[PDB]
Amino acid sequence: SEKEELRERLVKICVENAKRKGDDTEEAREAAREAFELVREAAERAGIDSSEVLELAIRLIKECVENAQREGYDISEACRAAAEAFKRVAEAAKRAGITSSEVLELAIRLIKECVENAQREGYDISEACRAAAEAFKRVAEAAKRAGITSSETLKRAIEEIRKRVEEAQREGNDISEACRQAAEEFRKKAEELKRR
């Protein structure tokens, strides 16, 4: 099946990257298999389990794993953390009624960018995953509360977070704070919209 194929690809990626740097390949295979099910189930429960969304989730994991290999991080840790980050995006999407393909893609790109930035700087991957996923969760929740149904509005909110994260990266400022401040500015705007 397509899912079996996709899982096999992720296993290959994790095992090959573990083998390259002398990490435990059996742990990496296990991590890949468990990560795949974690993301599949989360997507299914959120009603977003198109093969396109599953491919994006696997791409996120792949990129985080490949960069872990480059930057001195444990392959299985990276695999798990990326999968858990996707799970939190899916959970927030479910709670807010978000199914937009473009919104989901931007949320997952934001996670990737935060993780890559953390890995470059030698910081903890899990903290970068939390900042990115929390920012999405905050925007999603604020949009739902305010009755914002527009995909363009959500896309522009996530793009603004991406823009502030890239600015912070460039200037050597804290990425997590950039995420927090940008999501909070959206929340304010949304709440004003609802009140007014």
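Residue positions are given as counts along the sequence shown, with the first one as 1.
The mean Cα B-factor in the deposited entry runs higher for 162 to 170 than for the other of 141 to 149 and 162 to 170. For the segment pair 9 to 17 and 173 to 181, the entry gives 173 to 181 the higher mean B-factor, averaged over Cα atoms. When the Cα B-factors of 55, 34, 26, 134 are read from the PDB record, 26 comes out highest. Compared with the other modelled residues of the chain, the Cα B-factor recorded for residue 124 ranks in the highest third.
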